[PDB]
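Quick heads-up: it's one chain on its own, the form deposited in one PDB entry, in structure tokens.
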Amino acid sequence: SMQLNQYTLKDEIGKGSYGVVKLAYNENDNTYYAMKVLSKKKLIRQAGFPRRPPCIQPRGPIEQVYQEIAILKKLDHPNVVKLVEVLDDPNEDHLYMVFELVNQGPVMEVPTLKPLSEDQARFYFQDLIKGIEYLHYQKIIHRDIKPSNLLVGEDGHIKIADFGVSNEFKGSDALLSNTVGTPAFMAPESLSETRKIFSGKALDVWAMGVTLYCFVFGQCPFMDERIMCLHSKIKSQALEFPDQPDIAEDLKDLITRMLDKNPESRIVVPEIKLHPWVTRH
């Protein structure tokens, strides 16, 4: 182990888009936390080398980690991770973010041969709806919703984690020309060279749909090892359900509406919350 102020850093417990997460014992309150460890110089290099003056690269890449911190400081919800401390010396390269620990870790790593039952998928999906509606109300889009970023706590409820690429918008929605994400979870409107911008909140809904499909089938609905073919399938392949496991028709309807390739007609979170599959047991 190693010592960092009042914390004793132990094994790696996660690795997200940036940095690594360590188990950290706080000697002041005899409690374990999760500590994300980052290198400022490594974050700057991850955005790419800057271009000589003549999809524009941001001028100051280090601003995204400080946006992530500002976003996390704003959020207090039982289905969202809780940032408790930031350790950041301006004369040091490392940055540390301390979170309340969510003991069981990620709910699923896609693909899996052990999907969730329909009733357990509903319980976790109800948690995901609560967390996402709260983020959207706080004018936050997550941009990387997938099962591996949903942590299961001691209480069996999930918390949304990995805000590394999250964005705060002004107004009613985020207006995007391009976006980040895990390709198998990216919405079709984000994968074409077009003149048209798209809604950030509808990207999160599409990713919730791919997540729910993963919860019950253990793999994404559109999949290919060849990136160009994956993008083509997301944009042009009709959604299909495997013959087994057999799932309820109302669940198929909900997933179909979340995975509407047209973001204008795609179901919105206030409607998802009242869908018959979500409100029954």
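Heads up: residue numbers just count along the shown sequence, starting at 1. Think of the rigid core as the biggest set of C-alphas that the two forms share within 1.5 Å after superposition.
Omitted here: the form deposited in another entry. The next part is about that form.
Enquirer: After superposing on the rigid core, which residue among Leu230, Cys220, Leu251, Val65 shows a C-alpha displacement of 2 Å or more between the shown form and the other one?
Expert: The listed residue whose C-alpha shifts by at least 2 Å is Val65.
Enquirer: Would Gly181 count as moving between the shown form and the other one, using a Cα shift of 2 angstroms or more after superposing the core as the test?
Expert: After core superposition, the displacement of the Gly181 C-alpha between the shown form and the other one stays below 2 Å, so no.
Enquirer: Please determine whether the C-alpha atom of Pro115 is displaced by 2 Å or more between the shown form and the other one following superposition on the rigid core.
Expert: Superposed on the core, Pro115 moves its C-alpha less than 2 Å between the shown form and the other one.
Enquirer: Could you check whether the CA atom of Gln138 moves 2 Å or more between the shown form and the other one, using the rigid core for the fit?
Expert: Superposed on the core, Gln138 moves its C-alpha less than 2 Å between the shown form and the other one.
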